[PDB]
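Presented as structure tokens, the chain that follows is alone, the form deposited in one PDB entry.
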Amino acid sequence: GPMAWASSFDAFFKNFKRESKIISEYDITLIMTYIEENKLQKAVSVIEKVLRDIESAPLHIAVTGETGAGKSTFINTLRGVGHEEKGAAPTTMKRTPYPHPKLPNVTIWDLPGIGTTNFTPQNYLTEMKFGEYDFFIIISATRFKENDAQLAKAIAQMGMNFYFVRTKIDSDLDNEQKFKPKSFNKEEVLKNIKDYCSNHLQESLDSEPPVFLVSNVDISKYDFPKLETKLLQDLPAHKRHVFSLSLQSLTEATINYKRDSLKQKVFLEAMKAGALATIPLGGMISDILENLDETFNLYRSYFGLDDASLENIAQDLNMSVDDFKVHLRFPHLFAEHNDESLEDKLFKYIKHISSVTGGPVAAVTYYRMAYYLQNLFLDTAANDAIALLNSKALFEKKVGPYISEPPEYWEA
């Protein structure tokens, strides 16, 4: 009943990383208050408004910095757009929008360097429509300018978030290794660049800013993963979903941010639809799977598992997409294996999933069968995306017929 539903809602959200939660701790408190106080309609109204916010949330990112800093390349890398493609930022004194190719409501803006302009910091922000943005990225390939520190100070005074991004770190490291092959120390180079930049910036700021050292040519390396985590941490909870969807699927961490965001969203949808007192029946599973077809194709698109995206990795292993797909779990996820019935496997899965946030004592909270099928597909899709990152190596060491880990609780 109500008290079991509130405690299982709290237990569900406790399982996620702090920077991944798509609702605030106050949203959680308010939903639990209404459920515990027998105000179930008020609880469902909060959840509906949260889902509307999450689903309609725009994301506008301002990227500012001088010419030669790798700003175009950064804007393209963030969007997953190749340098030669249509929509690519080309590789000069108004702001330019670059829409995300795959997500309507996400725009990366190219702002000209304040140093290109004769404006004060305050007036530069008015001119560039500062109110439109979720945060600012201040990019340099060198050291920063007093110019950048003053702009950051102005942004902080408007109560908004900025991040100093130092590009081309891979080029500086390569040059030093070639210069000093016997005494090269990567960590010393990184510390010396970060320290120079933060020490000069702080001369005009409240406290020591973090500087993120990145390579625009590999978003997996250096401080780029730390930057993605900080950007999530600092966003409003409701904007973390669209930002997670905007990330590449090029690291296990980014795949897991997408997996976690989507699992939270489909749980909220399940709450909105309503808790059930008994395990849902499997009589109509093919009809429920057919109703989810568009959804499962969307999930494939998010994880890079659509047929078009599989072509690149398959030629890479020098095999056909079809041969690669034999070794992935998502195609045959809802197929009978070892003559175990799909309904019996789902009944077992539901008992585990509902035991994880319910435990052995209190009334069990069940949801509609569609919730469990979505949850299962998302875990499978993510585990298939992780395996694609290391396919060559996984393929050699045949750890069974699939290269991916099984989705939690499905196999027995």
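Each residue number is its position in the shown sequence, starting from 1. Between two forms, the rigid core is defined as the largest C-alpha subset superposing within 1.5 Å.
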Practice problem: Compare the other PDB entries of this protein and indicate whether residue 11 is left unmodelled in at least a third of them. | Solution: no
Quiz item: At least a third of the other compared entries lacking residue 78?
Solution: no
Quiz item: According to the PDB entry, how many deposited residues between residue 204 and residue 205 are absent from the model (none, 1 to 3, 4 to 9, 10 or more)?
Solution: none
Quiz item: Taking only the CA atoms, which stretch has the higher mean B-factor in the record, 269-277 or 237-245?
Solution: 269-277
Quiz item: Which has the higher mean CA temperature factor in the PDB entry, 118-126 or 155-163?
Solution: 118-126
Exercise. By the entry's C-alpha temperature factors, tell me which of 229, 320, 291, 301 sits highest.
Key: 320
Quiz item: Which listed residue, 331, 225, 181, 112, has the largest C-alpha temperature factor in the record?
Solution: 112
Exercise. Select lowest, middle or highest to describe the third in which the CA B-factor of residue 3 falls within its chain in this entry.
Key: middle
Quiz item: Can you tell me which third, lowest, middle or highest, the CA B-factor of residue 23 falls into for its chain?
Solution: lowest
Practice problem: Please place residue 311 in the lowest, middle or highest third of its chain by C-alpha B factor as given in the entry. | Solution: highest
Exercise. Just say lowest, middle or highest third for the CA B-factor of residue 344 relative to the other modelled residues in its chain.
Key: highest
Self-check item: Chain thirds of CA B-factor: placement of residue 176
Solution: lowest
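Below, we refer to the form deposited in another entry, which is not included among the displayed structures.
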Self-check item: Position that moves between this form and the one not shown after core superposition, taken from 387, 370, 51, 363, with Cα shift of 2 Å or more
Solution: 363
Exercise. Look at residue 283 and decide if its Cα position differs by 2 Å or more between this form and the one not shown after superposing on the rigid core.
Key: yes
Quiz item: Is residue 13 one of the residues whose C-alpha moves 2 Å or more between this form and the one not shown after the core fit?
Solution: no
Quiz item: Taking the rigid core as the reference frame, is the Cα of residue 23 displaced by 2 Å or more between this form and the one not shown?
Solution: no
Self-check item: Direction of the Cα shift between residue 276 and residue 50 in that other deposited form, where the change is 3 Å or more
Solution: closer
Quiz item: Compared with this form, is the residue 241-residue 404 Cα separation smaller or larger in that other deposited form, the difference being 3 Å or more?
Solution: farther
